[PDB]
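>>> Need a 3D model of the following:
(chains A and B)
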Amino acid sequence: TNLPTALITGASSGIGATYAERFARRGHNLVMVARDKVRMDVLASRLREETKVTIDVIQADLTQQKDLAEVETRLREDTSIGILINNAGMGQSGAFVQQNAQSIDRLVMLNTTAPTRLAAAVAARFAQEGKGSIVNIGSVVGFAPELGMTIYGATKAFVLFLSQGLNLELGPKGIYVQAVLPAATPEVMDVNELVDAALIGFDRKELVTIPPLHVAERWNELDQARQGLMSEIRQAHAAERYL
Amino acid sequence: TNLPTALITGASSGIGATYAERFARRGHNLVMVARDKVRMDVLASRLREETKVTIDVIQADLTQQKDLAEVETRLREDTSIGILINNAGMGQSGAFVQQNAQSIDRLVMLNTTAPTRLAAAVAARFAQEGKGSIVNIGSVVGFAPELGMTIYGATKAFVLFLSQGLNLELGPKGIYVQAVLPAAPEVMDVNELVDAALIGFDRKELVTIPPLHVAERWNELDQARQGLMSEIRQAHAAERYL
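Numbering: from 1, shown residues only, chains lettered A, B, ... in the order given. Structure data below:
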C-alpha cells in the first residue's frame, strides 16, 4: 500500500520535529518545512540514516509571501504528498497591550492565514484523488480566553473551526481532516507523549483529538451546546429581550 | 468631551452605515472608514444636515498595509475617539476548493488581522484614560461550520474569542468590549439588528446575539466550554490514548 509523503511545517523542533520522526519511522517520506534550516538538517540527517526514507528540506519563513507561495506550489504539484501537518510553534508574547502591529501580523499569518492557504493548496488535488489527510495543530487555549493569550487563543479557535468546516466539506470527498489540540505547552506533557497520542487518534481517524482532555465527553457536550444554540437561531426578528 | 467620537469601519453600507446613523443621531461625532468613498460621502452629507455632528470621512482599503496603518495612527492619536466599531461586510465566495490564496488573504485580513490591529491601536490609550468601548461585529456563523462558510465562520470564531479575551484583559481597566453576532429566505432588517445591538451596548452586555431566541443557550455554551477546561490534565495524555 502507498504510504504518502508528509509535508510538515515548523519541522525544526517541538511537535513538528516529533511528527517528522514518527512518520519517517513508519515508512513515510517527508517534506520538512521550517524557518530554522540548521535544526532541520541535523534532524533530517539522523532520520535518513535511521529510517532510509526520503526527506526533502525546505527552508521557509511563512510570514513571507514568497516563501509561503513556494510551499503552496509544492503541495499543489507534488502528487506524492498525501499528508499535510499544519503545525506552528508561534505563540503570543505576554499581554495584549504589549503586542505591536508587526507581531500581530506574524502571529495571525503563521497560525491562521498560512495553515488555511496550505490546506487550500492540497484540497483541490486531494478531491481529485479521492484521498488525503489534513492535520491541523490547534490548542486548548482556543477554549480558554481566561489564560490571557488573547490573540494566540483566537487563532487556535480559528484553526478548530477551520478543521470542523473542512471535515464537512472535504470528508464526503474521501479527505480526512483532524484537529489536534495540545495543552498549553507545573508539569506539562512530554512532546513524545503528545504526538504518540495524536497519532492514536490519527489512526482511528478521530476528527477532534484532545490528548490532555481527561473526559472525552466534555468535548461532545460543548459540541452539543454549540448545536443547541444554533437550534434557537431565528433570523426573521430580534429576540423580544431587545424590543 | 461629553459624547465620545466613534470610529466605524465598513461605514459605507449595511451594519456600518446603520451604526453611523444611530451614533450621529445620538449626538456622537463620527470617523467613517470604508473602501467605498462615494457611499460614505452621500451618507455623511445627509447625517451632517440631520444631526449637525462632526463626521470625518476616511477612504481606506484595509487589505492595504498603508491604509490600515493610517487608521491605526488615527486611533492612537485622536483622544476624542472613545468608541471603535470593528465592522466588516467581507464574506466568503462559495466553497473552500474555490478559494484562492488572494481571497483567503483578504478575507482573513479584513475579518481578523485588521480588527485585532485596530483594537491594539486603541487599547493602550483606552487603558491610559481608564475608559472606552470596543464593539466587535462577529457572526453566528462562528457557531456553525455546518453552513459551508468555513473560512468566514473561522474568522468570526476568532472575533468572538478576541472579544472574550479583551474583556477579561481590558475590562478591569474600565474598557467595555462587546461582541455583536448577527445572523447569516427572510433575513432580519439591518435597523432591527443595530437597534438590538445598541440595546445591549447600553446595558454593557458582553455578548449580544440578536437572532438568538433563547438567551440561556449562550450561557450554556459558555458553561460547556469552561467544563471542558476543567478536565484538562496536562501532565499526561488521557488514558484513552494509551
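>>> How about the secondary structure of the residue lying closest to residue A:169 once chain neighbours are set aside?
Spatially, and ignoring its direct neighbours in sequence, residue A:169 is nearest to residue B:96 (5.2 Å; Cβ to Cβ, 6 or more residues apart in numbering or on different chains). Quick note: C-beta positions are derived from backbone N, CA and C, even for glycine. Look at residue B:96: counting by DSSP: H, G, I helix; E, B strand; the rest coil, its state is coil.
>>> measure residue B:96 to residue B:218 for me?
28 Å (Cβ to Cβ, to the nearest Å).
>>> residues contacting residue A:16?
By Cβ atoms under 8 Å, 6 or more residues apart in numbering or on different chains, residue A:16 lies in contact with A:8-10, A:32, A:34, A:85, A:87, A:89.
>>> Dump those to CSV, plus neighbour count.
Converted to CSV, the contacts of residue A:16 look like this (neighbours: other Cβ atoms under 10 Å in any protein chain shown):
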residue, neighbour count
A:8, 27
A:9, 28
A:10, 24
A:32, 29
A:34, 27
A:85, 28
A:87, 24
A:89, 17
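>>> okay, among the residues you listed, which ones form the most distant pair?
For these, the farthest-apart pair by Cβ to Cβ is A:32 and A:89; their separation is 14.2 Å.
>>> give the contact list for residue A:154.
By Cβ under 8 Å, 6+ apart, the contact set of residue A:154 is A:142, B:112, B:116, B:158-159, B:161-162, B:165.
>>> Which ones among those lie within helices?
Among these, the residues falling in helices (DSSP state H) are B:116, B:158-159, B:161-162, B:165.
>>> sorry, back to before: quick check, nearest of the contacts of residue A:16 to chain B?
Of all the contacts of residue A:16, residue A:9 has the smallest distance to chain B: 15.7 Å, by Cβ to the nearest Cβ.
>>> Who does that closest one form a beta bridge with?
Beta-bridge pairing of residue A:9 under DSSP bridges involves residue A:33.
>>> Please list all residues in contact with it.
Neighbouring residues of residue A:9 by Cβ under 8 Å, 6+ apart: A:16, A:33-34, A:62, A:71, A:85-88, A:114-115, A:118.
>>> Kindly report the same for residue A:3.
Neighbouring residues of residue A:3 by Cβ under 8 Å, 6+ apart: A:26-29.
>>> Just the buried residues of those residues.
Neighbour counting by 16 or more other Cβ atoms under 10 Å in any protein chain shown classes A:28-29 among the contacts of residue A:3 as buried.
>>> Which pair of the contacts of residue A:3 spans the longest distance?
A:26 and A:29 (10.6 Å).
>>> Run through the residues that contact the residue nearest to the spatial centre of chain A.
Nearest to the geometric centre of chain A sits residue A:136, at 2.1 Å (Cα atoms, centre = their mean). Taking Cβ under 8 Å, 6+ apart, we find residue A:136 in contact with A:86, A:115, A:119, A:159-160, A:162-163, A:166, A:177-180.
>>> Can you name the residues that contact residue A:30?
A:5-8, A:11, A:20, A:23-24, A:44, A:47, A:53-56.
>>> thinking again about what came up before, can you say which two of the contacts of residue A:154 are spatially most distant?
Distance extremes for these: the farthest pair is A:142 and B:116 at 15.1 Å, using Cβ to Cβ.
>>> Do I have it right that residue A:58 meets residue A:74?
Yes: the pair residue A:58 and residue A:74 passes the contact test of Cβ atoms under 8 Å, sitting 7.0 Å apart.
>>> Name the residues contacting each of these two.
Between them, residue A:58 and residue A:74 share these contacting residues under Cβ under 8 Å, 6+ apart: residue A:31.
>>> what's the neighbour count on residue A:70?
13 (other Cβ atoms under 10 Å in any protein chain shown).
>>> Wait, it touches residue A:60, no?
Yes: assessed by Cβ under 8 Å, residue A:70 is found in contact with residue A:60 at 6.7 Å.
>>> Would you mind listing the outside residues contacting stretch A:214-231?
A:143, A:208, A:210, A:213, B:140, B:143-144, B:146, B:212, B:217-218, B:220-221, B:223-225, B:227-228, B:230-233, B:238, B:240.
>>> Give the buried residues for that stretch.
For stretch A:214-231, a neighbour-count test (16+ other Cβ under 10 Å) marks A:214-215, A:218-219, A:221-222, A:225-226, A:228-230 as buried.
>>> Which of the residues in stretch A:182-200 are classified as buried?
Buried, per 16+ other Cβ under 10 Å, within stretch A:182-200: A:182-184, A:189, A:191, A:193-200.
>>> which one of the contacts of residue A:3 is nearest chain B?
Using Cβ to the nearest Cβ, the contacts of residue A:3 come closest to chain B at residue A:26, 16.4 Å.
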